[PDB]
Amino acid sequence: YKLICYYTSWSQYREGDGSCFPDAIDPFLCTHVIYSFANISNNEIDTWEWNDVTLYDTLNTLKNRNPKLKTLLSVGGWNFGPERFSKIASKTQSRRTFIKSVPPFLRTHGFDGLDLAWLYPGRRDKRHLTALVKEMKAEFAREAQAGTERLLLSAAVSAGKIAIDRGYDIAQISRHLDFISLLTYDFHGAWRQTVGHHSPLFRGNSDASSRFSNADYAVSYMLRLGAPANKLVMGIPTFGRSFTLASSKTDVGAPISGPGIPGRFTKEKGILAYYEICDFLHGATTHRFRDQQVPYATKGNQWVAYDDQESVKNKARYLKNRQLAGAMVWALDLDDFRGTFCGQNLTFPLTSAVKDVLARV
């Protein structure tokens, strides 16, 4: 089993204990660590933060302690406009340029591969995403003739049916990618005025209306679409999604006024790190959807849908029974990396819970 963990660039700026550098990453925790978000500039891969070449270096020294570790650099991301990828992909001149620029960059900084995080290709992009992958992998084969090891190529793919039908030729791209991370955790959108969980494992009862918004469906769907099971990796989140209630209704379907208030460290409307959730639990009422097999909580007018040790071990067992390649954890820096926020004694409680199940057969 593979355990793919993303580390985010901007987490260094978090205040106090929230600050996180590659430094804190247990090198024996994951099989692949993905340094998150390289920019693309002048149609060539490039850094994003002023000190990336330093953190790049910091992350890859982890490999000196665990020579089995594999690292990748993700290009694209949530603050990299999708129209920008589009321009690059749909114009072969600029596409060959981006591709030719990649190997040297990775080799120079000690990475073992590239992760494409084109956040959502549209109807008019499908044919092009396929070319980018096909050609990018082709370039990777050639570059291995130099006697060095073949660089790995991966993609972070939407787990929403409409999104999947719209922009990906999964039968094609999966025959060329080394693995595919299914973004199975951003299901309840950014658009409802109703309370819901962003990562149910299963479908459930109250949900007679939005039927394919759970991990089980996404998986089954990728599978019948042509993706081999051993190239599929199911994303497990380490963050929670908050909501500010509009009535004293705490249960299923209650109305909301908007996203939840910002975490003291994470400073961002609608999102809380698991370590922020851990502090949030004291004084909160914890509930758990039996159907979807995921928990949520409430205090005053704050409703939080998150993942805990149990639900994460569950998603992990599922992944094993359907025989997937492994799990992906979004944000090593959103988990309790210091291990001094969540009561239990461990470092990275959530990610460790996944490793344990992956390792137990």
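Throughout, rigid core stands for the largest set of C-alpha atoms superposing within 1.5 Å between the two forms. Residue positions are given as counts along the sequence shown, with the first one as 1.
Enquirer: Which stretch is more displaced from the shown form in 8 other deposited structures of this protein, 165-173 or 203-211, with RMS over structures and residues of Cα positions after a rigid core fit?
Expert: After superposing on the rigid core, the more displaced stretch in 8 other deposited structures of this protein is 203-211.
Enquirer: As stated in the PDB record, which stretch has the larger average Cα B-factor, 77-85 or 166-174?
Expert: Looking at the recorded C-alpha B-factors, 77-85 comes out higher on average.
Enquirer: Would you tell me which stretch averages the higher CA B-factor in the PDB entry, 309-317 or 291-299?
Expert: If you average the C-alpha B-factors of 309-317 and of 291-299, the larger mean comes out for 291-299.
Enquirer: Maximum C-alpha temperature factor per the entry, among 161, 109, 137, 188, belongs to which one?
Expert: That would be 188, according to the entry.
Enquirer: Using the entry's values, work out which of 92, 130, 199, 220 has the largest Cα B factor.
Expert: Of the options given, 92 has the highest CA B-factor in the PDB entry.
Enquirer: If you rank every modelled residue in this chain by C-alpha B factor, which third holds residue 149: lowest, middle or highest?
Expert: Answer is highest: the recorded C-alpha B-factor places it there.
Enquirer: Please place residue 42 in the lowest, middle or highest third of its chain according to the CA B-factor in the PDB entry.
Expert: Highest third - that is where residue 42 ends up once the chain's C-alpha B-factors are sorted.
Enquirer: For the chain shown, is the CA B-factor of residue 68 in the lowest, middle or highest third of its modelled residues?
Expert: According to the entry, residue 68 has a C-alpha B-factor in the chain's middle third.
Enquirer: Please say which third, lowest, middle or highest, residue 230 falls into when its CA temperature factor is compared across its chain.
Expert: Middle third.
Enquirer: Quick check on the deposited entry: does the C-alpha B-factor of residue 238 sit in the lowest, middle or highest third of its chain?
Expert: For residue 238, whose C-alpha B-factor we compare with every modelled residue in the chain, the answer is the lowest third.
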